[PDB]
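# Here's a sequence, model it:
(chains A, B, C, D and E, ligands or ions: 8)
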Amino acid sequence: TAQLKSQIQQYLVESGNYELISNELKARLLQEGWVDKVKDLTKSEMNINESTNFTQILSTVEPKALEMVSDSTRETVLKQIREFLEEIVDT
Amino acid sequence: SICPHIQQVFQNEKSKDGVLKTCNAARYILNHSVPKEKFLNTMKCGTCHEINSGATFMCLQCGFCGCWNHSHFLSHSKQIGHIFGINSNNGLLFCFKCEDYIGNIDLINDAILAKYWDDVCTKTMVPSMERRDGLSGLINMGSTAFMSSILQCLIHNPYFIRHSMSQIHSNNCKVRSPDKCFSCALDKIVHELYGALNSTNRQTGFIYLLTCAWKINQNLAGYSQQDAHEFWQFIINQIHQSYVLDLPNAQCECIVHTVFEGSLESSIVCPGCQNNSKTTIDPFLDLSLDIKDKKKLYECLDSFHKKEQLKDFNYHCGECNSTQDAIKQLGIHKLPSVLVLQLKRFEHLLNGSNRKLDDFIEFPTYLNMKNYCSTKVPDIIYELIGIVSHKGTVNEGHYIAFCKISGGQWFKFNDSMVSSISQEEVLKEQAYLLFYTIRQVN
Amino acid sequence: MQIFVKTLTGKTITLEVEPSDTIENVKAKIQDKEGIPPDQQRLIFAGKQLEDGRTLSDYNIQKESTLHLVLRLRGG
Amino acid sequence: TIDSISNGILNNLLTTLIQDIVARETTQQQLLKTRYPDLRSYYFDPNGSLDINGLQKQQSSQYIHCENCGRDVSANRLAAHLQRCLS
Amino acid sequence: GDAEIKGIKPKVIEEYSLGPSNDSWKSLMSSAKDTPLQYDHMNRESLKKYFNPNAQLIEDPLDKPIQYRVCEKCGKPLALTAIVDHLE
Ligand SMILES: [Zn+2]
Ligand SMILES: [Zn+2]
Ligand SMILES: [Zn+2]
Ligand SMILES: [Zn+2]
Ligand SMILES: [Zn+2]
Ligand SMILES: [Zn+2]
Ligand SMILES: [Zn+2]
Ligand SMILES: [Zn+2]
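Residues are numbered from 1 along each chain as shown, chains lettered A, B, ... in the order given. Ligands and ions are numbered 1, 2, ... in the order given. You can find the structure just below:
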């Protein structure tokens, strides 16, 4: 169920592991240049759109920003998450 | 061009005071909540219970929080009519009827001044368009490139700009004037570049600075070619001396000593018994790194941090009584908020000359200092914000500055020419000095 | 007292000194080891260059303190 | 699945962070567009010769009025002027 | 990795106490007033260990342009926190 995902998130927050995932993700994105790339993308989308309307800009930036995440960052963070999940779910 | 829903609320003074009070309250909570509480109580949707289901918004009108990704705040606003929510990652106000953020109302952006706003509007205005980022050239007055390059890094330093615009020096300064006071001259440059003093425009503060500098040190006053690092150290020392001069009652608490100061741990280790005393602690305001036979900045930090056995040092171990050559290591004991790096772009040869080292050294846009701190160590990431480059030889050349401002944008400062430049091109420069500001400490 | 200088290559050298020794005397000892004339040396400790006509004790340099030696990259 | 849930958690973090960055950039440009009806971006010149206003280097014949002696001085000699003039 | 999830370990549901919510974010004020200034990406314990205790910190100093207004009388650029005092 949907109740499962929230319980798990709640676990990751109370154990401190959520902050570790969230910091590590942020550190790696920053270092690979992705934050600066999203800022450059958003600037360009605003120019094209001729409007700063957040809903419109987000619908075009968001899919491209998700694709810009390096495979390296994506797998490293997925691992760190997976290892946290193995401690608390039954397989 | 403004959300009409919020304008409608703002017709009634009391309703307006109520919105600002809740915005102030939400933002105070966001800056004073430990990470676990902040996740559980500001980033958790009241309807789906997930954490970070996209942005989570805190309702202005009730205590509910709802997510972006499953449309849960949007449902709250249709069900109950509560159309305003505060994004819990940044404090921004979203209108769910417009489906846009409200970012262009000065009172909301400056809500911490809400109670004074009558007086604020009438006595102060918004920056002018061409002055808003303080971008302006400084004319070459003879050999002033070593001055202007450093000045541009300083007036684009977010710590120095906050300090200057907060009037900290102005409020306490005894000497009173840009003719005599070096700090007042710096503040006049900021005044001129971001405000109004009310072709050769916007040079008055820089002339004042040239004059103060002549009264203290003629060699660094712009007639002859000088080193940019030496001028950098000269300026910050003047800022510190102004602060000492202004105290009623002469570890320093001035702006320089709370922003640029760190300390090194120098350890001398028995190779006999691993005895780790005495460790010495030396302050620094910058690190000077050797670059010979290296190609990356991290390799230069590695060299600085590498163990050396001291062959000309007289060692006697107090634990084991050994007299073997001691092992010396420099580590960082305390990091500063702004890390300043000087690359030692010069060598002395045993034929009685000096020559510049022109090698390109690769520097990153974000720098992790974890592997350089003495004594697990977390990730400690700085963002690159300024570069001073030198072109020419050891005895003659020219300086240019590159600085980074909000929105990812870099500018190149070459005397009177200020130009827009891509990050990619900045990363190709021959860096002499590098300015890094703290971003993330895990 | 023994102090250290981190030199132009990052190699550390050691000097034998007293707190009352002048900076100019310190520079002449570095010249003996490195060969760099005193007027070309910049000696940095705690963010300040050490000035001729002052002494090590003026700058609170104690045993096993490390000075950083640089030259000047002139430009204008 | 382990991968199912892992991806969901990462996509929560990623979209949160994207939405934060995009909100900060769009409010900022919203404010600038409202505040300056006439707003134009800083000129970017891929040939690298024009300034943030689209002007060329001025280049000499520039002067500055010296406040200390009341006389106009060639701008590129101001530091040399001040050496004599200040004493 | 493709392994299916049966449920949360019941060992774990016990240790952590794992409809729509009744929580109010407004109820956070008292504990927020008791809490020193926090940074989202600057771990407080790490700060005390690796940074000076009087260190000036601006988290994310380039996220927005510098925020100021200009005095109508003297044209000085003023940080928001300095405006009321400047106005004598
Ligand atoms: Zn609206
Ligand atoms: Zn939800
Ligand atoms: Zn509500
Ligand atoms: Zn002053
Ligand atoms: Zn100080
Ligand atoms: Zn020993
Ligand atoms: Zn004159
Ligand atoms: Zn004023």
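# could you pull out the helices for the chain?
All of this refers to chain A. A:2-14, A:17-31, A:34-49, A:54-68, A:71-86 (DSSP state H).
# if you could check chain E rather than the one you did, that'd help
Going by DSSP H, chain E shows helices at E:10-16, E:29-33, E:44-50, E:83-86.
# of all the helices of chain A, which lies closest to ligand 7?
Minimum separation from ligand 7 across the helices of chain A (CB to the ion) falls at helix A:34-49, 46.1 Å. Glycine gets a C-beta too; all of them are placed from N, C-alpha and C.
# Now tell me what touches that closest one from outside.
A:29, A:52, A:56-57, A:60-61, A:64-65, A:68-70, A:73, B:365, B:407-408, B:423, D:18, D:21-22, D:25-26, D:29 (CB atoms under 8 Å, 6 or more residues apart in numbering or on different chains).
# Surely residue B:437 is in a strand?
Yes - assessed by DSSP: H, G, I helix; E, B strand; the rest coil, residue B:437 belongs to a strand.
# right, and the secondary structure at the residue of chain C found nearest ligand 6 would be what?
Ligand 6 sits closest to residue C:64 of chain C, with a gap of 16.1 Å, by CB to the ion. Secondary structure assignment for residue C:64 (three-state DSSP): coil.
# Then residue B:19?
helix.
# Tell me how many other residues crowd the residue nearest to it when sequence neighbours are not counted.
Once flanking residues are discounted, residue B:19 sits nearest to residue B:9: 6.1 Å by CB to CB, 6 or more residues apart in numbering or on different chains. If you count neighbours by other CB atoms under 10 Å in any protein chain shown, residue B:9 ends up with 16.
# which ones are touching residue B:9?
Residue B:9 neighbours (CB under 8 Å, 6+ apart): B:15, B:16, B:19.
# Kindly recompute the last result at 10 Å.
B:3, B:15, B:16, B:18, B:19, B:60, B:83, B:84 (CB atoms under 10 Å, 6 or more residues apart in numbering or on different chains).
# re the thing from before, give me the buried subset of the contacts of helix A:34-49.
Using 16 or more other CB atoms under 10 Å in any protein chain shown as the burial test, those include A:29, A:52, A:56-57, A:60-61, A:65, A:69, A:73, B:365, B:407-408, B:423, D:18, D:21-22, D:25-26, D:29 as buried.
# distance of the nearest residue to residue B:95 once chain neighbours are set aside from residue A:62?
Closest residue in space to residue B:95, ignoring its immediate chain neighbours: residue B:3 at 4.6 Å, by CB to CB, 6+ apart. For residue B:3, the distance to residue A:62 equals 22 Å [CB to CB, to the nearest Å].
# Which of the two has more residues huddled nearby?
When neighbours are counted by other CB under 10 Å, residue B:3 and residue A:62 differ, and residue B:3 comes out ahead with 23 against 18.
# Report the contact partners of the residue nearest to residue B:105 when sequence neighbours are not counted.
Ranked by CB to CB, 6+ apart and with sequence neighbours excluded, the top spatial neighbour of residue B:105 is residue B:2, at 6.5 Å. Neighbour list for residue B:2: B:10, B:98, B:102, B:104, B:105, D:30, D:34 [criterion: CB under 10 Å, 6+ apart].
# Could you list the residues of chain D in contact with chain E?
Chain D has residues D:1-6, D:20-21, D:24-25, D:27-28, D:31-32 near chain E, with proximity defined as CB under 10 Å from any CB of the partner chain.
# Emit the PyMOL select command for whichever of the residues you listed are buried.
The buried subset of the residues of chain D next to chain E, as determined by 16+ other CB under 10 Å, is captured in PyMOL by this line:
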select buried, chain D and resi 2+5+6+20+21+24+25+27+28+31+32
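# check the residues of chain D next to chain E against ligand 3, which are close?
Among the residues of chain D next to chain E, not one lies near ligand 3 by CB under 5 Å from the ion.
# Restricted to helices, list the residues of chain D next to chain E.
D:2-6, D:20-21, D:24-25, D:27-28, D:31-32.
# quick one on the thing from earlier: now the residue of chain C closest to ligand 6: phi and psi?
Main-chain torsions, residue C:64, degrees, to the nearest 10: phi 70, psi 10.
# any idea which strand is longest in chain B?
For chain B, the strand that runs over the most residues, judged by DSSP state E, is strand B:380-392.
# Residue B:177 against residue B:170, yeah?
No - using CB atoms under 10 Å as the test, residue B:177 is too far from residue B:170 to be in contact (11.1 Å).
# just to revisit the earlier point, tell me, which of the buried ones among the contacts of helix A:34-49 make contact with ligand 6?
Counting by CB under 5 Å from the ion, no member of those reaches ligand 6.
# how about the residues of chain C near chain D?
Near chain D, when you scan chain C using CB under 10 Å from any CB, you find residue C:76.
# Determine which residue lies closest to the centroid of chain C.
Nearest residue to the geometric centre of chain C (CA atoms, centre = their mean): residue C:43, 4.3 Å.
# Spit out the contact partners of it.
The contact partners of residue C:43, by CB under 10 Å, 6+ apart, come to C:5, C:23, C:26-27, C:30, C:49-51, C:59, C:61, C:67-70.
# repeat that for 7 Å
C:27, C:49, C:50, C:67, C:69 (CB atoms under 7 Å, 6 or more residues apart in numbering or on different chains).
# Am I right that the third one is in contact with residue C:58?
No - because the distance of 8.6 Å does not satisfy CB atoms under 7 Å, residue C:50 is recorded as not touching residue C:58.
# more crowded one of those two?
residue C:50 (22 against 14).
# Could you report the separation of the more buried one from residue B:216?
Where residue B:216 is concerned, residue C:50 sits at a distance of 18 Å (CB to CB).
# okay if I get the residues of chain D next to chain E as CSV plus distance to residue B:281?
Putting these into CSV (distance: CB to CB, whole Å) gives the following:
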residue, distance to residue B:281
D:1, 53
D:2, 48
D:3, 49
D:4, 52
D:5, 48
D:6, 45
D:20, 39
D:21, 39
D:24, 39
D:25, 42
D:27, 44
D:28, 42
D:31, 46
D:32, 46
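# bridging residues for residue B:338?
With DSSP bridges applied, residue B:338 shows beta-bridge pairing to residue B:437.
# so it touches residue B:435, yeah?
Yes - in this structure, residue B:338 is within contact of residue B:435 by CB under 7 Å, at 6.4 Å.
# so residue D:66 makes contact with residue D:73?
Yes - if you go by CB under 7 Å, residue D:66 and residue D:73 touch, sitting 5.1 Å apart.
# which other residues reach stretch E:25-41?
With contact meaning CB under 7 Å, 6+ apart, stretch E:25-41 is reached by A:23, A:26, B:25, B:28-29, B:31-34, B:41-42, B:58, B:63, B:65, B:440, E:57, E:59.
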